[PDB]
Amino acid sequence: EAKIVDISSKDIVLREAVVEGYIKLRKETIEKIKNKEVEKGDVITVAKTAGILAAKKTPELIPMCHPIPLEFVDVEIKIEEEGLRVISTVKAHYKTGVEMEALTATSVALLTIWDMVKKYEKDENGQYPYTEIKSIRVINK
């Protein structure tokens, strides 16, 4: 069973969604990011860029998603003491909401953050005891 629902009938209205996500990182890792000492690059900016691209890639990643003419995409990342918080904002005038884009942007930005600081988060067994992406959800539609 599979299908992309018919939205021909629905009306073209302003669509907005704000999604929030959090990735738990080690205190030393946060310091490295803050002082921009991560060899792979500027963590925050790289993740934002990855998050913005992801928003546009949503339909090819999510099967039943409609291709949508996005009008605005913003990914904000705030550094906290226990990790990083990602907030993505998406908007367009279409006949089907944009939460999936906002949710995809956030998810990828969080993944990208993880990829950027892998060597600092892994322990002597090459594992992640502390690293964890927790609570990705929709703030408001």
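Residue numbers here begin at 1 and follow the sequence given.
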{"item": "Higher-scoring stretch by recorded Cα B factor average, 62-70 or 49-57", "value": "62-70"}
{"item": "Mean temperature factor over C-alpha atoms, higher-scoring stretch between 131-139 and 4-12", "value": "4-12"}
{"item": "Of the residues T89, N35, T106, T112, the one carrying the largest Cα B-factor as recorded", "value": "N35"}
{"item": "Modelled-residue ranking by C-alpha temperature factor, third containing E76", "value": "middle"}
{"item": "Chain-wide C-alpha B factor ranking for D42, given as lowest, middle or highest third", "value": "middle"}
